[PDB]
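**Q** Please read through the structure below; I'll follow up with questions.
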Amino acid sequence: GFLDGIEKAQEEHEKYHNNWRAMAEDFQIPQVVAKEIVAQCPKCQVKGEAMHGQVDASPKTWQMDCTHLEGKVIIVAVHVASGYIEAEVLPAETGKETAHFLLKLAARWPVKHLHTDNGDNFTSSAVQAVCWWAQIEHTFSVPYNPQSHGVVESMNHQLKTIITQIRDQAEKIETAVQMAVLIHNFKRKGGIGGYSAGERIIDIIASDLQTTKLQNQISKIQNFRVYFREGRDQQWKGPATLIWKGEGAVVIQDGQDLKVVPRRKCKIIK
Amino acid sequence: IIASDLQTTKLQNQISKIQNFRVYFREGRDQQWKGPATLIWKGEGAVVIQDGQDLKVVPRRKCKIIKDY
Amino acid sequence: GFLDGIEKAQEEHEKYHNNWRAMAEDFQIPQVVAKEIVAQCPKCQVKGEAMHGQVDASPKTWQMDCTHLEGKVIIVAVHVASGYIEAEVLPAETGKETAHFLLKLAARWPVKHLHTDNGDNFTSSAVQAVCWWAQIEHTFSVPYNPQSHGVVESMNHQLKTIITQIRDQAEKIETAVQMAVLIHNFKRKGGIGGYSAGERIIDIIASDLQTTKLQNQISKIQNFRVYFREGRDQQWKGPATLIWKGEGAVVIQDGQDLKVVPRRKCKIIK
Amino acid sequence: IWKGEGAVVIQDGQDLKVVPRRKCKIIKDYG
Amino acid sequence: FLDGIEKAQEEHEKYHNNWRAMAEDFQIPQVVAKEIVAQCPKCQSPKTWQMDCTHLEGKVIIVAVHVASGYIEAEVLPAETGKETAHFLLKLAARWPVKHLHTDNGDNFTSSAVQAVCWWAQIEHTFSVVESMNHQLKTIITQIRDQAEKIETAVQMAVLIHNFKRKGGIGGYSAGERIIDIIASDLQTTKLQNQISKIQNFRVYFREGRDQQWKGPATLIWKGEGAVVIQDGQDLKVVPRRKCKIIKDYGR
Amino acid sequence: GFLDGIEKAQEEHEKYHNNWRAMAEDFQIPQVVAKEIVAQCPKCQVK
DNA sequence: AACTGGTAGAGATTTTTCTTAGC
DNA sequence: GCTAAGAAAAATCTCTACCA
DNA sequence: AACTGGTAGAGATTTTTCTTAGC
DNA sequence: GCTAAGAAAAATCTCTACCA
Ligand SMILES: O=C(NCc1c(F)cc(F)cc1F)c1cn2c(c(O)c1=O)C(=O)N1[C@H]3CC[C@H](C3)O[C@@H]1C2
Ligand SMILES: O=C(NCc1c(F)cc(F)cc1F)c1cn2c(c(O)c1=O)C(=O)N1[C@H]3CC[C@H](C3)O[C@@H]1C2
Ligand SMILES: [Cl-]
Ligand SMILES: [Cl-]
Ligand SMILES: [Mg+2]
Ligand SMILES: [Mg+2]
Ligand SMILES: [Mg+2]
Ligand SMILES: [Mg+2]
Ligand SMILES: [Zn+2]
Ligand SMILES: [Zn+2]
Ligand SMILES: [Zn+2]
Ligand SMILES: [Zn+2]
């Protein structure tokens, strides 16, 4: 048998910390036992699970960060769904200047969600009062994880490369910062629609407003309710709103949730 | 009387085998690996763990979740 | 036409530094002209070509580097084709101790090619005299490019993880270094043949010697020369040595070069 | 098939090909 | 196939050949030839090292020698305590597979530090070749002494000349080629033994020609693509695969 | 882990001589080790 | 004119092996 | 006795951090 | 119990467009 | 007049460094 091999393998891992293939080959135990012996050791288990996530890309989400260049402090804000950049040079990295930059940005463009890191200027009472008055949801990243806001750190890189390209056409650094913002927003194309960033933010916000008005006018004159049968149990749920009846399935709304149900499990009543 | 205890032990066995997981995470400025903690919520990208009566949010790229057989 | 658009596009790139899609869309020139306008600018051209190379993996090649741990200086050497590790703790990072480590290594295992970085201990007259006496070819990497010796830096990582696993079983750091070398060489399996590193270096060197002796005995009694026709011009080359005649092609040796020629372009003479 | 000084001839899936010496590993592979 | 097995058994009954030669001659697989050797009543170390210390020019030289090949590893010690001997033994066991250590009844070899190292690395220590190796190393050291400044350089240069530059023995091999061939042959033996045990955990019910009934449980030796070799009644025989049933066996 | 389950199932089969599906469901060990426990007993047989 | 990224582990997906019920 | 469904155990494939 | 990597450019490979010779 | 070979120009796909 191999039960004595299981005991000798546990003593061997306690001294030498083998991996599972070494024990499964030298003691001739099955591989599930060797994997369990390794999985019950706390001196091992030093490795993550090797995947990446995906940030939020809603049409009113902004991300914000600070960078340094030639002894100055730049503050960068990016519109995530389009790539649109605003930037400024601060005299100090306090919370007063960050609150004023956020107030001017919220006065110019519609902001509803803001994502930042845990720096001392972004976790401040002045930024808290500005977000309260202008009705913004402020969310913070997991600490010491800059991948949670990857768009604004990538735009830090793009801004610094443009600034080194056009540095000899200006005298100060604030002039070169604003020239780099103009070159990024309007003079570089390529991406989703072949647009620049200014054309893309115009298209995204205009499309948002147009599609809300269109489907308000559609949904205010609707009828033809649908009773449908779904779930693990074959029950029947009540009044659902038919949205679009298609070649193969229908789309219903139930309790402010969108669902796609085929034609065999639904009945339409006028 | 006995049959009710059979049903209670079966239901408690399924409840205990649903969500008994351990988590080894990596956190802080100097990112070291720390001891076992209890999994609470698992979304795509990050997890919420309870360690020493403290709730922490760790990404799924910096933690290992060990199940049971 | 678009020739005036070409002139306006050159002035526009001189001021703003557009990419090629912006100029090709705003001035309606073909894309080859816009790519040429960007390619003649020296303020641009800041990007590599996005590939990787492949290091040498001959059966007698070694790579060497130094690392630091708890205020000490470790020196690591790796056999590249198998993954076999030797390591030591040096009292100083000079050239005398590096020459003595290389002399002991060359006395134990056959070394013919050594690859290092450009540190001050590896570019030294003592290491030069040891490589001269023991007949080793010493090659150095491109400066500030650690990817040229990736095997020894990866083994620096593996050694430090094992040392933190077994640190509480020893008192000093030299003891823990030698215990980590034993655990890496003999207690971890998985890889090319399911081997450990010690089994793999034994298999590689034994296979090298066996295959030289076998093909010496084969080639000392050979005959059946082959005249073949190849090249852009249909000429005929002289005496070539037939090695293996196969179903579809033959393998010949010409001027100590191996070639594979099909049957239609070769004639065998006994 | 044949091991040279700078090249190695192998048969791979009924295809004879020539690889450089620094891109090969020759094992007997007990297993 | 079966003709090869019959000729292999008759030739082993005459001359008692080894299994590598029988497999290469009679063109049978290695597990069958190893079973033919293992069934014979008359037919039933690569990891042993020796250590010693010596003196030269007021220094202490410690020498370890692989016995079956004559392979030398040497060093210069600053003292003769048990901690330095334990460090030399730990470095040696970390570089080569050491299973059995043979020494004499010195003080530094009979120590708690050496005992702790042998406990951790699982070596069998035995107290009682190295005299001949000390004499040979001292002759090479005196032969090349004018090329080195210190004694440590001359010691390691003599170890290199002993291991790779001197040829002798039967075929004219050095000590490094001999130690590599010995350890590689032992590795081939252990891998084949793992395959043999994993195959021999099965069982075979076979049906002979001109019958409908299954015979007794014969042990499977080799399971090919079209044929099956079994051991039954102290006899090795080849059955086609369409008259066989292989089932798992639990007879521990 | 199920290693304490392996030890407890060995004590339980030494008393009552269980089968392998019973031990694999009661002690939550994999089926191969439960079949090996039944195989090593000289009085029982896996079936 | 002759230089160069790699190693090992965590999960996910595909494949092979083993027991048992049905005809 | 033969065949197929089901599940367990093993093998392969893609992706990540760290190495001054 | 409600969190998360991304951006843009350098080459390689596949596809579409345009001129011209042959039947 | 119709059709196909050949080459130029455009479109798509995979892979890399840097962002405290
Ligand atoms: O950055 C280092 N490693 C990290 C790393 C890697 F390993 C592999 C990668 F693909 C990428 C990486 F980022 C690293 C740096 N240096 C040296 C190293 O050996 C070394 O590994 C070294 O010895 N010198 C000497 C020679 C001149 C002076 C002293 O500076 C250099 C600095
Ligand atoms: O390492 C940084 N970037 C590089 C990088 C990246 F951008 C994206 C990646 F996927 C990987 C990367 F390696 C980086 C570090 N820190 C901050 C940054 O904003 C920042 O970008 C920051 O603000 N703080 C404050 C909050 C607490 C204190 C001050 O330390 C942190 C340090
Ligand atoms: Cl942070
Ligand atoms: Cl360097
Ligand atoms: Mg920041
Ligand atoms: Mg940042
Ligand atoms: Mg270095
Ligand atoms: Mg290095
Ligand atoms: Zn462990
Ligand atoms: Zn330019
Ligand atoms: Zn015999
Ligand atoms: Zn029993």
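**Q** Could you run the Karplus curve 6.51 cos²θ - 1.76 cosθ + 1.60 with θ = phi - 60° over the range E:60-75 and give me ³J(HN,Hα) per residue in whole Hz, x for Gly and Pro?
**A** With coefficients 6.51, -1.76 and 1.60, one gets 10, 10, 9, 10, 10, 9, 6, 7, 6, 10, x, 9, 10, 10, 9, 7 Hz.
**Q** Report the gain in length on full extension from residue A:69 to residue A:137: 0.36 nm times residue separation, minus Cα-Cα distance, nm rounded to one decimal.
**A** Full extension of this stretch gives 21.5 nm more.
**Q** Just to be sure I understand the curve: with the Debye formula and one point per C-alpha of the range C:78-146, what is log10 I(q)/I(0) at q = 0.20, 0.21, 0.28 Å⁻¹?
**A** Log10 I(q)/I(0), no solvent term: -0.90, -0.99, -1.52.
**Q** Return the tail of the calculated pair distribution for the range B:17-65, meaning the percent of Cα-Cα pairs more than 13 Å apart.
**A** Beyond 13 Å sits 52 percent of the P(r) for the range B:17-65.
**Q** In percent, how large is the relative contact order of the range B:17-65, given Cα pairs closer than 8 Å and 6 or more residues apart?
**A** Relative contact order of the range B:17-65: 34 percent.
**Q** Calculate the spin-label point distance for residue E:237 paired with residue E:116, positioning each point 7 Å from the Cα along the beta-carbon direction, and give it in nanometres.
**A** For the pair residue E:116/residue E:237, the computed spacing is 6.4 nm.
**Q** For residue E:47, which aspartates and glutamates qualify as cross-link partners when the Cα separation must be under 12 Å and same-chain residues fewer than eight apart are set aside?
**A** Straight-line reach from residue E:47, under 12 Å: E:124, E:186.
**Q** Hey, got a sec? Which chymotrypsin sites (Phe, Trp or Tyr not before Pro) in the range A:79-167 land in a DSSP loop and have at most 13 other Cβ atoms within 10 Å?
**A** In loop regions of the range A:79-167 (DSSP not H, G, I, E or B), the sparsely surrounded chymotrypsin sites (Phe, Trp or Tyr not before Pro) are A:144.
**Q** Just need log10 I(q)/I(0) for the range E:52-169 at q = 0.14, 0.22 Å⁻¹, Debye formula, equal scatterers on the alpha-carbon atoms, no solvent, rounded to two decimals.
**A** -0.60, -1.37
**Q** Among A:180, A:197, C:84, which residue has its Cα furthest toward the positive end of the charge dipole of the protein assembly as shown, with +1 on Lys/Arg Cβ and -1 on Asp/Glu Cβ?
**A** Most positive-ward Cα: A:197.
**Q** Here's something else I'd like to know. Tally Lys/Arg at +1 and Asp/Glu at -1 over every other residue whose Cβ is under 15 Å from the Cβ of residue B:55; what's the total?
**A** Working: positive: B:34, B:42, B:56; negative: B:27, B:51, B:54.
Charge balance near residue B:55 sits at 0.
**Q** If you don't mind, another one. Go ahead and run the numbers for FRET between residue A:175 and residue B:31, Cβ-Cβ distance against an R0 of 51 Å, rounding to 0.05.
**A** The pair residue A:175/residue B:31 has a calculated efficiency of 0.80.
**Q** Please give me the summed charge of the neighbours of residue A:89: other residues whose Cβ is under 13 Å from its Cβ, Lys and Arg +1, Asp and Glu -1.
**A** Working: positive: A:72, A:172; negative: A:70, A:86, A:88, A:93, A:97, A:174.
Here the charged neighbours net out to -4.
**Q** Return the sequence-ordered ³J(HN,Hα) values of the range D:3-8 in whole Hz as given by the Karplus equation 6.51 cos²θ - 1.76 cosθ + 1.60 applied to θ = phi - 60°, using x for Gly and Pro.
**A** 10, x, 9, x, 8, 9
**Q** What nm value, rounded to one decimal, do you get for the distance between residue C:45 and residue B:50 when each label is placed 7 Å out toward the C-beta?
**A** Between residue C:45 and residue B:50, the simple spin-label model gives 6.3 nm.
**Q** Across peptide C:44-54, how many C-beta atoms of other chains are within 10 Å of each residue C-beta, on average? Present the calculation step by step, with values, prior to reporting the outcome.
**A** Values: counts 2, 0, 3, 1, 0, 0, 0, 0, 0, 0, 2.
Per residue, the average neighbour count from other chains is 1.
**Q** Can I ask one more? Per residue of the range E:166-180, what does 6.51 cos²θ - 1.76 cosθ + 1.60 with θ = phi - 60° give for ³J(HN,Hα)? Whole Hz please, x for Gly and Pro, Karplus curve as stated.
**A** With coefficients 6.51, -1.76 and 1.60, one gets 9, 10, x, x, 6, x, x, 10, 8, 6, x, 5, 6, 5, 6 Hz.
**Q** I would also like to ask the following. Inverting the mean 1/r over all pairs of different Cα atoms, compute the Kirkwood radius of the range A:187-270 and quote it in Å.
**A** For the range A:187-270, the Kirkwood estimate is 15.6 Å.
**Q** Right, here's the next one. To two decimal places, what compactness ratio does the protein assembly as shown give when its Cα radius of gyration is scaled by 2.2 N^0.38 Å?
**A** Compared with the compact-globule rule of thumb, the protein assembly as shown sits at 1.27.
**Q** Sticking with this structure for a sec: Would you please give the residues with an amide H less than 5 Å from that of residue B:46, counting only those at least 5 places away or on a separate chain, with H modeled from the backbone geometry?
**A** B:60
**Q** Just order A:73-83, C:185-195, F:4-14 by mean Cβ neighbour count inside 10 Å, highest at the front, would you?
**A** Taking the mean over residues of other Cβ atoms within 10 Å, the ranking is A:73-83, C:185-195, F:4-14.
**Q** On average, how many beta carbons from a partner chain sit within 10 Å of the beta carbon of a residue in C:193-206?
**A** Mean number of neighbouring Cβ atoms from other chains: 6.
**Q** Determine the dipole magnitude for chain E: charges of +1 sit on the beta-carbon of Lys and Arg, -1 on that of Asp and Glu, nothing else is charged, the reference point is the Cα centre, and the result goes in debye to the nearest 20.
**A** 1280 debye
**Q** Also, quick follow-up: Among F:40, F:5, F:29, whose Cα sits farthest toward the positive end of the charge dipole of chain F (+1 at Cβ of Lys/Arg, -1 at Cβ of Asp/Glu, about the Cα centre)?
**A** F:40
**Q** With charges set only on the Cβ (+1 for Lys and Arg, -1 for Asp and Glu), what does the dipole of chain F come to about its Cα centre, in debye to the nearest 20?
**A** 280 debye
**Q** Going toward the positive end of the dipole of chain E, with +1 on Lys and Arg Cβ and -1 on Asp and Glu Cβ, which of E:109, E:17, E:218 do you reach last?
**A** Working it through, the farthest residue towards the positive pole turns out to be E:218.
**Q** Can you give the local net charge around residue E:102? Use residues other than it whose beta-carbon is closer than 11 angstrom to its beta-carbon, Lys and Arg +1, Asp and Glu -1. Don't jump to the answer; show the numbers that get you there.
**A** Details: positive: none; negative: E:52, E:104, E:124.
My count for the surroundings of residue E:102 gives -3.
**Q** Highest mean first, how do B:28-35, E:60-67 rank when packing is the count of other Cβ atoms within 10 Å averaged over residues?
**A** Answer by packing, highest mean first, reads E:60-67, B:28-35.
**Q** So what's the back-of-envelope 222 nm ellipticity for the protein assembly as shown, counting only DSSP H runs of four-plus at -39500 (n - 2.57) apiece and dividing by all residues, rounded to 500?
**A** Calculated mean residue ellipticity at 222 nm is -12500 deg cm²/dmol.
**Q** While we're here: Distance between the C-alpha centers of the range C:23-77 and the range C:201-270? Whole Å please.
**A** Here the answer is 39 Å between Cα centres.
**Q** Averaged over all directions, how much area does the convex hull of the C-alpha atoms of the range C:139-207 cover when projected, in nm²?
**A** Mean shadow area of the hull around the Cα atoms is 6.6 nm².
**Q** Give the average, rounded to an integer, of partner chain Cβ atoms located within 10 angstrom of each Cβ in C:159-171.
**A** 2
**Q** Cut-off under 23 Å on the C-alpha distance; same-chain residues fewer than 8 positions from residue C:265 excluded. Which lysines are left, in chain and number order?
**A** Here the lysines satisfying the reach criterion relative to residue C:265 are C:237, C:245, D:17.
**Q** Next question, about the same structure. Please get the size of the charge dipole for the protein assembly as shown, origin at its Cα centre, with Cβ charges of +1 on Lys and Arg and -1 on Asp and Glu, quoted in debye to the nearest 20.
**A** 3920 debye
**Q** Something else: What is the total of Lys pairs in the range B:17-65 with C-alpha atoms under 18 Å apart, excluding same-chain pairs fewer than 8 positions apart?
**A** 8
**Q** Just order A:85-93, A:225-233 by mean Cβ neighbour count inside 10 Å, highest at the front, would you?
**A** Top of the packing list down: A:85-93, A:225-233.
FYI the Cβ positions are ideal-geometry reconstructions off the backbone, even for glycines, and counts take in every protein chain you see. A short reminder: the numbers here are calculations on the coordinates, not readings from a lab.
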